[PDB]
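> pasting the first chains of the complex, positions unchanged:
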Amino acid sequence: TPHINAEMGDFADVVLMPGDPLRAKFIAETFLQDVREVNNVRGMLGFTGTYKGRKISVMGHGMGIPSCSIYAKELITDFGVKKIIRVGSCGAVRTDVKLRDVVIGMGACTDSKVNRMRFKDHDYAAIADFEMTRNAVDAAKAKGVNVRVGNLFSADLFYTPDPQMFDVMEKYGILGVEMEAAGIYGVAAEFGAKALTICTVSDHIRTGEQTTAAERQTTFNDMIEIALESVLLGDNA
Amino acid sequence: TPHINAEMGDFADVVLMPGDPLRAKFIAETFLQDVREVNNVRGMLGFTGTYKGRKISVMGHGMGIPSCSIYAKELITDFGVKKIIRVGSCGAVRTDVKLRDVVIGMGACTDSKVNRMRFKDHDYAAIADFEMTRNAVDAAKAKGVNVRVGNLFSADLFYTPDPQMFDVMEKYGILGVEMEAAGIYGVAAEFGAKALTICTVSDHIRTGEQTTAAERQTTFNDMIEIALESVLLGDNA
Amino acid sequence: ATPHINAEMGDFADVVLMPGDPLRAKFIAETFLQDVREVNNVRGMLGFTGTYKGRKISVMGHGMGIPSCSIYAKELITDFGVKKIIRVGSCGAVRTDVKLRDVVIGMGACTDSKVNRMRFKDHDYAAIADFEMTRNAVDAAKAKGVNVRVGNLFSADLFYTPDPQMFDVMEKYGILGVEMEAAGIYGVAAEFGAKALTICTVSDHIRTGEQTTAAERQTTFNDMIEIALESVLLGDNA
C-alpha cells in the first residue's frame, strides 16, 4: 500500500499505536529489546521488538479517525494483526479527572459519521474487546496505577465550534476527549479483530492545565507498562 | 409516580429486570426468600426478597426502550437504586450463537433516537458498567455457564421493515437483538447509576427456531444464576 | 404461535380498543361489555372480547411506548384479522386551554421516534388516523354531549425527556396532548393496511404538575370509552 512499506511477518500479532510516530519510537527504544524499524512511509514510524521475550510492535497512527482507520485496517487485513492497543493522550472534561490520570475506553462516543456509514445510519456502540479491557484493568492493579474504565469521546474537531458539548460529555461521565478510539473500534469490528484504547490525560479542558509537547512524546509511561503487561495477561489466560 | 406504587425502602439497591412481569414473578418465587410484592401498577409486577441473605428486587420493565426507560429512571431517582441488571431474551443473528446461549451486552447498538436526543445528535456509546460486566463474566465462569460478551442491538421495531440490517448486525458481531439495553444504559448514564444487560437467546433469526411463550417465562434460568451471583461478587469488592 | 398473544384466530373482534394499561383493559371489558371472555394473558398483557349493544368488541392493553404497541398492533392486524384499532389512552397537556379530563382526538400524531423514518426512507411520514373513524368519534362525542378537541398528538419516546424546551415548541404548534404511542400505531396501521384512531383523556398537565392518581387512570376515564364504543356503531351503520 501507499501507507505501510513493511513485508508480512514484520509486525507482531499485537500492535501498540500512539498517534505520534515519535512517541512510537520512544516507546520501542525504551521498553523493547532487539528493535527493528519496519515502517517509515509518510514519516509514520513503526517498530517491532520483544517485551519480556514476547514479540510486540509499536507504530504511530496519526491524528484523527480517518488517519488511524487506514493504518488499523491495513495492519489487520494485510499484516495479520489480531490486537491493537491505542496508547494515546486525551483531554479531561470531568472536574474529578486530573492531568496524568490513565483512562481506559471500554466504549468510545463520537461526533464522526464513520460508524453511521458502516451501520445504516443507526447507533453503533463502538466498544473495546472485553478481555483486552479486563487484561488492562488487571495489569493496572498489579502495577499499582489507578485507572478509570468507561467512555471516551472521539472528536473530529480538536478546535470545536461547540464547546457546550463538553458539558454534555461531562454529564454523561466521559473520561477523556481524544480523536481516534471510536474509529479504531469500528475498524476492529468491521474486519474481525480486537482493540482497546488506553489514554493518559494530557490537557484539562476545564482548567486549561496542560503538558508540553515533549511531555506527551516521552513522559506518559504508566499507560505503556499497563498496555504491555496486559498483553502478557491476555496470552496466559 | 403513575408507574410505581411503592414506598422508598421497598426496593433493594440492586434490581433484576426482565421485560415480562410474569418472568419477574417466576424469578422472585424461584430464587428469593421472604418475597413480597412491592409494585403492581399497570400489572408491572415488582418483588423484593433475599438471595443468600442479600436484599434483591426483581421487577418487569415492559417491552421496548420507552417502557423500560420510565421504570429504570424512577427506580434510580425515586427509590435509590444503584444497579440494574436487565435479564432479557434476544434473537440471534450469528451462525455461532445458539438457542439458549447466554450473552452479556458490554455495549448496546440501537436504531432508537433516544440517545441522540440526550447527546446532541452525536453517537453515544451505550455501554454497561465495567465492574458489573466483569462480575457477570466471573459469575458465569464460577457457575459453569458459557457466555459471550460484546454488543447487543436494541431495536425499536421487532417487526422490522429492514431485515437486511440483520446482515449488517451479523457482520459487526452483534450477539443478540433485543429492544431495551441501549435505553437502560442511556438512563443509567443520565442519572448516575450503573447497569448491565444479560440475555438468553430465545429466537434464531436465521434458522427460524423460536422458544414458546412458556419457555421464555420460566426456563431461561442460567442468566438469573449468573445475575444473582454477580451481585454478590460486586458486594465483595 | 406468537410470543406475544396466546389466542386463536376468531378470539378477537374486528375492532379492538387498546389502552396502554392492561388493568384498564380489564376494567373497560368488565364495565362496558357483556359476555366477556379473557383471550390473552401472555406477559400480563390482558385482552378480552365481549359485546357492546350486541356488537362484538375486543379490548386489550398495548403497553407503554411505540415499540411495545407496535408489536401488538401488527399482530392483531396480520394474525387476527383486526380491521380497526382504537387506542384509548391518557396524555399530558401542554396548552393553557387544555384541561385535566378533556378528551382529545388525534387526527395526527407527531413523534420523536425514528420508527416512521425507518419505514419511509428517512422522510417525514404524516402519521394520521383513518378519516371516517375520526369523524365517527367526533359525531359520537357530539351525540353524548362531550366536548372534544381534534388535532395533533405528540408521541414521545422519553417520558422523562432531556429536552423539556420541546414542550414549548409543541404548545406553539397546537399539540393537544403528549402520549407515547399514537404515531407508532398509525405507522403500523398504514404499513399493514388497516385503520386506527387514538382518543386520549388528559391525565396530567405538563406545565403545572396537575396529575390524576394511578387508580384514576385505571378506572375513571369513562367518557373516552363511551365515545370510542359509540363511534364503532356509527362506523358500522354509515
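Happy to help now that I have it. Residues are numbered from 1 along each chain as shown, chains lettered A, B, ... in the order given.

> show me what from chain A comes close to chain B.
Residues of chain A lying near chain B by Cβ under 8 Å from any Cβ of the partner chain: A:106-112, A:115-116, A:118-120, A:122-127, A:130-131, A:133-134, A:137, A:149-151, A:162, A:165, A:168, A:171-173, A:182, A:189-190, A:192. Placement of C-beta: from N, CA and C, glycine included.

> try it again at 7 Å.
A:106-111, A:115, A:119-120, A:122-127, A:130, A:133-134, A:149-151, A:165, A:168, A:172-173, A:182, A:189 (Cβ under 7 Å from any Cβ of the partner chain).

> what about the helices in chain A?
Ranges of helices in chain A, per DSSP state H, are A:21-31, A:65-79, A:114-118, A:130-143, A:164-171, A:181-190, A:213-218, A:222-236.

> what about the closest residue to chain C within chain A, neighbour count?
Using Cβ to the nearest Cβ, residue A:121 is the residue of chain A that sits closest to chain C, at 7.5 Å. As a burial measure, residue A:121 scores 15 neighbours (other Cβ atoms under 10 Å in any protein chain shown).

> filter the residues of chain A next to chain B down to the buried ones.
A:106-111, A:115, A:119, A:122-127, A:130, A:133-134, A:149-151, A:165, A:168, A:172-173, A:182, A:189 (16 or more other Cβ atoms under 10 Å in any protein chain shown).

> ok, the most centrally placed residue in chain A to chain B distance?
Of all residues in chain A, the one closest to the mean position by Cα atoms, centre = their mean is residue A:86, 1.8 Å from it. To chain B, residue A:86 is 15 Å away according to Cβ to the nearest Cβ, to the nearest Å.

> picking up where we left off before, distance to residue B:9 added to the helices of chain A, as TSV?
Converted to TSV, these look like this (distance: least, Cβ to Cβ, whole Å):
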stretch	distance to residue B:9
helix A:21-31	53
helix A:65-79	48
helix A:114-118	43
helix A:130-143	34
helix A:164-171	28
helix A:181-190	41
helix A:213-218	50
helix A:222-236	42
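
> out of those helices, which comes closest to residue B:199?
Closest approach to residue B:199 among those is made by helix A:130-143 (15.5 Å; Cβ to Cβ).

> remind me what the closest one packs against, helices and strands.
Secondary-structure packing of helix A:130-143 (3 or more Cβ pairs under 7 Å, 6 or more residues apart in numbering or on different chains; DSSP states H and E): strand A:102-110, strand A:147-154, strand A:194-204, helix A:222-236, helix B:130-143.

> now, of the ones you listed, which is deepest in the fold?
Highest mean neighbour count among these (mean count of other Cβ atoms under 10 Å in any protein chain shown): strand A:102-110, with a mean of 29.

> next one is chain D, place it on the structure:
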Amino acid sequence: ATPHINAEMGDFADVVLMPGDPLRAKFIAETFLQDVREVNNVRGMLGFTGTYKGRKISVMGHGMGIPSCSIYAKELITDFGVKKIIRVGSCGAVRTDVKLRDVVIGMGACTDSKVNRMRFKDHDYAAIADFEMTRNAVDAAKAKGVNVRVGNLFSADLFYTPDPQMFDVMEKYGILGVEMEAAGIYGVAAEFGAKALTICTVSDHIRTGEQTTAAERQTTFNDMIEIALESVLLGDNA
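Below, chain D sits with the chains from the block before:
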C-alpha cells in the same frame, strides 16, 4: 408592503382558495365568482376577491413548491388576517386505484422537505389539515356527487426525483397523490395559528405516464373547485 403582495388590508376575504398556478386562480375567479376585482399582481402572482353565492371569497396563486407557497400563505395569515386557506391543487397518482381527474383530500401530507424539521427541532411534525375543514370538504363532495379519497398526500421538493423507488414506498403507505405544497401550507398554518386544507385533482399518473395538458390543468378541474367553495359554506353554517 412586502415584496410579494401589493394589496391593502381588507382586500382579501377571511378564506382564500390557492392553486399553484396564477392563471388557474384567474380562471377560478372568472368562472365561479361574481363582482371580481384583481387584488395582487406582483411577480405575476395573480390574486382576486369576489363572491360565491353572496359570500366573500378570494383566490390567489401560491407558485410551485413549499418555499414559494410558504411565503404567500404566511403573509395572507399575518398581514391580511386570513383564517382559512384551501389549496386547490393538482397531483400525481402512484396507486393503481387512483385515476386521472380523481379528486383527493389531504387530511395529512408527508414530505421530503426539511422545513417542518426546521420548525420542530428535527422531529416528525405530522402535517395535518384542519379537521372541520376536511369534514366540510368530504361532506360537500358527497352533496356534489363526486367520489373522493381522504388520506395522505406526499409534498415533494423534486418533481424530477433522483429516487423514483420512493414512489413504491408512497404507494405501499397509501399515498393518494404526489404534489409539492401541502406539507408546507400545513406547517405555516400551524406556525401562525390559522387553518388549512389541500384538495387536489389527479393530473398525472406516475405509473402509466399519462399527463393532462397545461390547458386542462389551468381550466378544467371544476369538481375540486365546486367542492372547495361549497365546503366553505358548510363551514360557515356549523
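
> re-run the earlier check on what packs on helix A:130-143 with chain D in the model.
Checked by 3+ Cβ pairs under 7 Å, 6+ apart, helix A:130-143 has strand A:102-110, strand A:147-154, strand A:194-204, helix A:222-236, helix B:130-143 packed alongside it.

> sorry, back to before: was I right to think the residue nearest to the centre of chain A contacts residue A:184?
Yes - counting by Cβ atoms under 7 Å, residue A:86 touches residue A:184, with 5.6 Å between them.

> now do the shared contacts for the two.
With contacts defined as Cβ atoms under 7 Å, 6 or more residues apart in numbering or on different chains, the residues shared by residue A:86 and residue A:184 are residue A:197.

> now residue A:161. Its backbone dihedrals?
Backbone torsions for residue A:161, taken as degrees, to the nearest 10, come to phi -80, psi 0.

> can you tell me the closest non-neighbouring residue to the residue nearest to the centre of chain A?
residue A:197 (4.1 Å; Cβ to Cβ, 6 or more residues apart in numbering or on different chains).

> partners of that neighbour in the sheet?
Judged by DSSP bridges, the bridge partners of residue A:197 are residue A:86, residue A:105.

> tell me who's in contact with it.
Going by Cβ under 7 Å, 6+ apart, residue A:197 touches A:86, A:88, A:105, A:108, A:128, A:152, A:181, A:184.

> skipping adjacent residues, who's closest to the fourth one in space?
What it means is residue A:108. Residue nearest to residue A:108 in three dimensions, not counting chain neighbours: residue A:181, with 3.5 Å by Cβ to Cβ, 6+ apart.

> now that neighbour: how far from chain D?
For residue A:181 relative to chain D (Cβ to the nearest Cβ), the value is 27 Å.

> so that residue sits right up against residue A:86, yeah?
Yes - contact criterion Cβ under 7 Å: residue A:181 and residue A:86 qualify, at 6.3 Å.

> who's in contact with stretch A:147-164?
By Cβ under 7 Å, 6+ apart, stretch A:147-164 touches A:64-65, A:90, A:102-112, A:133, A:137, A:140, A:169, A:173-183, A:197, A:199, B:125, B:127, B:130.

> and the end-to-end length of it?
End-to-end distance of stretch A:147-164: 26 Å, with Cα to Cα, to the nearest Å as the criterion.

> cool, and stretch A:121-135?
Stretch A:121-135 stretches 32 Å from its first residue to its last (Cα to Cα).

> show me what contacts residue A:79?
Residue A:79 sits in contact with A:6, A:8, A:11, where contact means Cβ under 7 Å, 6+ apart.

> please repeat the previous calculation with a cut-off of 6 Å.
Contact partners of residue A:79, counting by Cβ atoms under 6 Å, 6 or more residues apart in numbering or on different chains, are A:8, A:11.

> what separates it from chain D, distance-wise?
Residue A:79 is 41 Å from chain D, where distance means Cβ to the nearest Cβ.

> add chain E to what we have:
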Amino acid sequence: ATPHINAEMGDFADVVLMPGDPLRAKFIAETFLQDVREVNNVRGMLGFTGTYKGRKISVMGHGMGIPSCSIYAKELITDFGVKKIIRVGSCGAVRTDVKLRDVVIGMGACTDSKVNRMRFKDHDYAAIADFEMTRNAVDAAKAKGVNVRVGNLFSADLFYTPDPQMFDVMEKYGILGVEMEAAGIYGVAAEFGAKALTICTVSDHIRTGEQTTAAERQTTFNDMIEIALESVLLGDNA
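Putting chain E together with the chains above:
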C-alpha cells in the same frame, strides 16, 4: 410538451438568464434584447428569446424557491438543449460590508434544503457554479466597472425563517447573500450535465432593515444583467 413549458425545441437559446420574477424576465428581454419573442407563458412564467449584440439569448422566470426553479432548469437542459443557465436574482445581505444594490457572484451556494442530500446519499454536496462562467462574470464586471464580491450564497427554503440566529452563522462564514434558489440550480446542472452560475443584487439588508420596493426589484437591478450578458460573450470567445 411538458406541463411547465409550452415551447418547441429551438425556441430557447443555448444560454438562458433566469430571474425568479417573470415580470423581471419581461423587463430584461424588452430592455436588453433585440427581436424579442415570447416563447413561454404557462403558469404566467414568461420566457423570451432575442439577441444581445447579435448573439441569441433567452430570459425566463424560474419562480421562488428550489422546487420551482428545479423544474424549469431541468426541462431547459434536457428538453430544450440549454447548456448554460445564469440566475439573475435578488438577495438579502447579512454582512456589515455588503450594501443594498451590491452585486454578488455565487461561486458556491450553501442551503438548508434536503434536495442535494437526496441526490448525494445524504452527504454534503458542494453546490458550485461552473468555474469558467464564474471567471467570465468576474471579468465582465471588471470591464463594466461594476464592483462585485465572489463567494458563497445561502439558498434558504424559508424566507420567514423560524431560526433567525442562523443569519449570525451565515455572517460568521462570510455568506454574501441569502436567496432561495442557487443551490438547487447548481444541483440540477450537475445532475443533468450542464453549467450554471447565480449572480444576485442585494435587495434587502437583514441587519439594517433596508428594503427595496417591489418596483425596484422588478426593473432596477441592471448592473447584474449587463455583467451576465457580457459574461456570455466572453465565454463564447474563450
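
> back to what packs on helix A:130-143, now that we've got chain E?
Judged by 3 or more Cβ pairs under 6 Å, 6 or more residues apart in numbering or on different chains; DSSP states H and E, helix A:130-143 is in contact with strand A:194-204, helix A:222-236.

> hmm, back to that, was I right about the residue nearest to the centre of chain A contacting residue A:18?
No - counting by Cβ atoms under 6 Å, residue A:86 does not reach residue A:18; the two are 7.4 Å apart.

> just the closest residue of chain A to chain E, please.
For chain A, Cβ to the nearest Cβ, closest residue to chain E: residue A:121, 7.5 Å.

> show me the contacts for that residue.
Residue A:121 touches nothing, counting by Cβ under 6 Å, 6+ apart.

> please name the nearest non-neighbouring residue to residue A:45.
residue A:21 (3.9 Å).

> what's around the one you found, how many residues?
Neighbours of residue A:21 (other Cβ under 10 Å): 22.

> would you agree it is in contact with residue A:42?
No - taking contacts as Cβ under 6 Å, residue A:21 lies outside contact range of residue A:42: 9.0 Å.

> re the thing from before, for the residue nearest to residue A:45, give me its contacts.
A:44, A:45, A:60.

> list only those of those flagged as buried.
A:44, A:45, A:60.

> so what's the last one closest to, chain neighbours aside?
Closest residue to residue A:60 apart from its sequence neighbours, by Cβ to Cβ, 6+ apart: residue A:21 at 3.2 Å.

> tally of neighbours for residue A:163?
Residue A:163 has 10 nearby residues by other Cβ under 10 Å.

> no, scratch that, I was asking about residue A:58
Neighbours of residue A:58 (other Cβ under 10 Å): 34.

> that one touches residue A:23, doesn't it?
No - with contact defined as Cβ under 6 Å, residue A:58 does not reach residue A:23; the gap is 8.7 Å.

> give me every residue in chain A lying close to chain E.
Residues of chain A lying near chain E by Cβ under 6 Å from any Cβ of the partner chain: none.

> what about 8 Å?
Neighbours of chain E within chain A, by Cβ under 8 Å from any Cβ: residue A:121.

> who are the contact partners of the nearest residue to residue A:39 once chain neighbours are set aside?
Nearest residue to residue A:39 in three dimensions, chain neighbours excluded: residue A:46, at 3.6 Å (Cβ to Cβ, 6+ apart). Contacts for residue A:46 (Cβ atoms under 8 Å, 6 or more residues apart in numbering or on different chains) come out as A:4, A:6, A:11, A:15, A:21, A:24, A:37-40, A:57-60.

> cool, residue A:25 as well?
Residue A:25 touches A:45, A:47, counting by Cβ under 8 Å, 6+ apart.

> same thing with the one 5 residues further on?
Remark: with contacts taken as Cβ under 8 Å, 6+ apart, residue A:30 is in contact with A:218, A:221.
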